[PDB]
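J.:
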Ligand SMILES: *[C@@H]1O[C@H](CO)[C@@H](O[C@@H]2O[C@H](CO)[C@@H](O[C@@H]3O[C@H](CO)[C@@H](O)[C@H](O[C@H]4O[C@H](CO)[C@@H](O)[C@H](O)[C@@H]4O)[C@@H]3O)[C@H](O)[C@H]2NC(C)=O)[C@H](O)[C@H]1NC(C)=O
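Chains as they are written, first to last, in the entry's author numbering: chain V, 1012 to 1059; chain P, 242 to 289; chain A, 18 to 49; chain F, 146 to 193; chain Z, 1 to 128; chain G, 338 to 626.
Here you go:
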């Protein structure tokens, strides 16, 4: 059940696809999209 | 004035200029046996 | 304006001998 | 040891390397046991 | 909330020595400066000295420099004002003063207390 | 009523009164903060005293103060002055006196209010183009104030001096190369122009060494007459991710805002310039201390 086994690699690929789907959601919360901060509390604190 | 312990080990020093002044970095006082440089002084020099 | 100390009172500076060719050795320590 | 500055020119006899206005100077002292940093005007002394 | 009270005032022969007290209360933070003033009747106020609390360093005005001495008890946080070798020109009401900040007293005693926020009741002194 | 209930928001989406067996996930319960934690510098205050004594320099020799690892009270400083104009970018005028930063920079000079329109980067003029320019990245504030009569120790200067030309004369002696000022930097011409311009329209020039590229540096200072009371300008810049300490306002030091007491429950935290919500735990040290 090593890396040379090509069906085992497909099993791992499917698991990795699940993980990447979740990680993009988790990682897009630190994006600012051009705002002064990616935190709503920071924006509320700093501006009017 | 900054006191220096006397030894014979490899050391790293660094200097940069920002709007906050002139920053001095050295390997001593934080990472003596590695070489990572951490700021230890900011001098009030504002002409570039 | 801090007081850096007593101004030096000597009359003449020591004689300095520039010989660049004695210091032209090559020991490379490149960034790694 | 270092001399740092914002304007540079030549001495009386045409030799390059004179810093004009306030100059930052970093000198070790104490047989390499302290570092002394100052920032001021170096007026060349006369004499031999 | 902050209360400043001067005490110890009285009349002594000119060229004598005297010491006030200025009880201070209502500070929740140790970063403040306390100054001494005097008011001669029928004129404007003018400052004498101040103490900067966390640092502990003190300064005095030109007129009474050296003649006066300021200090503070480490357990009572009360400031003093020691006069020595008093003169007839030193008859006035001594005021205590304080501020929210820590860096205003130097400008304050040289601008008759423009920056202060806290004032004491005062204590009249007259020299015979 | 859409927000009444879980079934209510079930119905308001699907736009219907007879939602099918639609087995949602619905909105989640989020924890409420049972406490608040604050850490900051203790027993040290940002020191604005140098701003109070002495002659304030011109716009082109503005003096800079840099504060880190201290507690500040900007309201006290602004109370001692008669505030004419007070405008901030990327920060609000109420926020600049109440937020935590890593470094605060206060540049002050002598400025006559007549050229208020020359301080914004828009409407370039001679001030923002040769004398003083604020960075476009960090949040900034700009203050125009007048010192009152009762404040004695600010020694009024003799006139309002300011640069109008700072330019470089190339070796061809034909081309003129303007020297624009870079944000948070002194103009290149401050080395030749004196602190106070003696006469409106004077000229200054110096010859640059070949190390500096040769050529000539030519500058000219204009003057605006004094006022009855001195008018000054303040520029404030704040930085966020630069120090391990912070510049914070002063609080009341009799509270229970300690990490070691509220260990394990949801809390607001304002450890330093950084703040948020979370749960703390005793835990083995892992980074660089
Ligand atoms: C941060 O700085 C701000 C700005 O100064 C500071 O708020 C100020 O607090 C002072 C506290 O004294 C206020 O001063 C008062 O002003 C009134 C006039 O409006 C005076 O009459 C008052 O003096 C009387 O009361 C004192 C006791 O309260 C007596 O001791 C005194 O002898 C007088 O009888 C009083 O001085 C000032 O108005 C405010 N200013 C503003 C803009 O709010 C704040 O406290 C600082 N923060 C911290 C944490 O230190």
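Even for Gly, the Cβ is constructed at its ideal location relative to N, Cα and C.
Which parts of the stretch 8 to 77 of chain Z are runs of the beta strand (DSSP E), unbroken and 3 residues or longer, counting only runs that do not cross its ends?
T.: If we require 3 residues or more, the beta strand (DSSP E) runs fully inside the stretch 8 to 77 of chain Z come out as 17 to 25, 33 to 39, 46 to 52 and 58 to 60.
J.: Sorry if obvious, but does the Cβ on residue 413(G) come closer than 7 Å to a heavy atom of ligand 1?
T.: Indeed, a heavy atom of ligand 1 lies less than 7 Å from the Cβ.
J.: Which residue or residues does DSSP assign as beta-bridge partners of residue 442(G)?
T.: DSSP, once it has assigned bridges, lists 403(G) and 574(G) as partnering residue 442(G).
J.: Just the Cα atoms here: how many angstroms apart are residue 156(F) and residue 388(G)?
T.: Distance between the alpha carbons of residue 156(F) and residue 388(G): 38 Å.
J.: Determine the direct distance from the alpha carbon of residue 606(G) to that of residue 184(F), and round the result to whole angstroms.
T.: Distance between the alpha carbons of residue 184(F) and residue 606(G) is about 41 Å.
J.: I need the straight-line Cα distance from residue 1040(V) to residue 482(G), nearest angstrom please.
T.: Each residue's alpha carbon lies about 42 Å from the other.
J.: Checking the sheet assignment: what are the DSSP bridge partners for residue 543(G)?
T.: BP columns for residue 543(G) point to 554(G).
J.: For the alpha helix (DSSP H) holding residue 1053(V), just list the boundary residues, first then last.
T.: From DSSP, the alpha helix (DSSP H) with residue 1053(V) extends over 1051 to 1057.
J.: Do you know how far the Cα of residue 19(A) is from the Cα of residue 25(A)?
T.: Each residue's Cα considered, the two are about 16 Å apart.
J.: Residue 183(F) touches chain C at which residues, Cβ-Cβ below 9 Å?
T.: Of the chains in the structure shown, none is chain C; the protein chains are V, P, A, F, Z and G.
J.: In chain G, what lies closer than 8 Å to residue 102(Z) by C-beta?
T.: Those within 8 Å of residue 102(Z) in chain G are 382 and 384.
J.: Can you tell me whether residue 161(F) is buried or exposed? The criterion is at least 16 other CB atoms within 10 Å of its CB, across all chains shown.
T.: Counting Cβ neighbours within 10 Å, residue 161(F) comes out exposed, since fewer than 16 surround it.
J.: Can you tell which of 19(Z), 10(Z) and 78(Z) has the C-alpha that lies nearest to the C-alpha of residue 68(Z)?
T.: Cα-wise, what sits closest to residue 68(Z) is 19(Z).
J.: Would you kindly report the start and end of the unbroken alpha helix (DSSP H) that includes residue 620(G)?
T.: Neither: residue 620(G) is in no alpha helix (DSSP H) and is coded neither H nor E.
J.: Taking residue 152(F) as the query, report the chain G residues whose CB atoms sit under 8 Å from its CB, ordered along the chain.
T.: Here the neighbours are 528 and 549.
J.: Since residue 98(Z) and residue 83(Z) should fall inside the 8 Å C-beta cutoff, what is the C-beta to C-beta distance between them, to a whole number of angstroms?
T.: Actually they are not in contact, since the Cβ atoms of residue 98(Z) and residue 83(Z) sit about 20 Å apart, beyond 8 Å.
J.: Is it the case that the Cβ atoms of residue 29(A) and residue 193(F) are separated by a distance below 8 Å?
T.: Yes, Cβ-Cβ distance for residue 29(A) and residue 193(F) is below 8 Å.
J.: Could you tell me how far apart the beta carbons of residue 289(P) and residue 258(P) are, in whole angstroms, since I believe they sit closer than 8 Å?
T.: Indeed, because the Cβ distance is near 7 Å, the residues count as touching under 8 Å.
J.: Does the beta carbon of residue 523(G) come closer than 8 Å to any beta carbon on chain P?
T.: Yes - at least one Cβ of chain P is within 8 Å of the one on residue 523(G).
J.: Give me the Cβ distance between residue 6(Z) and residue 123(Z), rounded to the nearest whole Å; I'm assuming they're in contact under 8 Å.
T.: Their Cβ separation, rounded to whole angstroms, is 4 Å, which keeps residue 6(Z) and residue 123(Z) in contact under 8 Å.
J.: Report the option in 282(P), 245(P) and 253(P) whose CA atom is closest to the CA atom of residue 274(P).
T.: The shortest Cα separation from residue 274(P) among 282(P), 245(P) and 253(P) belongs to 253(P).
J.: Output needed for residue 85(Z): all residues of its chain with C-beta closer than 8 Å, excluding positions within five of it in sequence on either side, in chain order.
T.: Taken in chain order, the residues that qualify are 15, 16, 17 and 67.
J.: Near residue 153(F), which residues of its chain fall below 6 Å by C-beta distance, leaving aside the five closest residues on each side in sequence?
T.: Cβ within range, chain order: 164.
J.: Within the present structure, is the beta-carbon of residue 2(Z) separated from the nearest heavy atom of ligand 1 by less than 7 Å?
T.: The answer is yes for residue 2(Z).
J.: For the stretch 500 to 524 of chain G, enumerate the residues whose C-beta is nearer than 7 Å to any C-beta of chain P, in chain order.
T.: Taking 7 Å as the Cβ-Cβ cut-off against chain P, the residues of the stretch 500 to 524 of chain G that qualify are 521, 522 and 523.
J.: Are the C-beta atoms of residue 244(P) and some chain F residue less than 8 Å apart?
T.: Closer than 8 Å: yes.
J.: What is the residue span of the beta strand (DSSP E) that residue 467(G) lies within?
T.: Careful: residue 467(G) lies outside any beta strand (DSSP E), inside the alpha helix (DSSP H) at 464 to 467.
J.: What do you get for residue 382(G), buried or exposed, if any count of 16 or more other CB atoms within 10 angstroms of its CB means buried?
T.: The residue in question, residue 382(G), is buried, as its Cβ has 16 or more Cβ neighbours within 10 Å.
J.: The alpha helix (DSSP H) spanning residue 635(G) covers which residue range?
T.: In the structure as shown, chain G begins at 338 and stops at 626. Residue 635(G) is therefore absent and cannot be evaluated.
J.: Considering only residues of the same chain and omitting the five flanking positions on each side of residue 372(G), which have a CB-CB separation below 6 Å?
T.: Closer than 6 Å at the Cβ level, and outside the excluded window around residue 372(G), lie 599 and 604.
J.: List the endpoints of the continuous beta strand (DSSP E) containing residue 131(Z).
T.: Past the boundaries of the shown model lies residue 131(Z); chain Z is included only from 1 to 128, so the question cannot be answered.
J.: Would you check whether ligand 1 has a heavy atom nearer than 7 Å to the C-beta of residue 160(F)?
T.: No, Cβ of residue 160(F) sits at least 7 Å from all heavy atoms of ligand 1.
J.: Within a Cβ cutoff of 8 Å, which residues of the same chain sit near residue 38(A), ignoring the five residues on either side of it in sequence?
T.: Closer than 8 Å at the Cβ level, and outside the excluded window around residue 38(A), lies no residue.
J.: Look at the alpha carbon of residue 169(F) and the alpha carbon of residue 146(F), and state the distance between them as a whole number of angstroms.
T.: Using only the alpha carbons, I get a separation of about 11 Å.
J.: Give me the Cβ distance between residue 438(G) and residue 584(G), rounded to the nearest whole Å; I'm assuming they're in contact under 8 Å.
T.: The pair is a contact, with the Cβ atoms about 5 Å apart (cut-off 8 Å).
J.: Give the residues from the stretch 396 to 413 of chain G that approach chain P closer than 7 Å (Cβ to any Cβ), ordered along the chain.
T.: Taking 7 Å as the Cβ-Cβ cut-off against chain P, the residues of the stretch 396 to 413 of chain G that qualify are 401 and 403.
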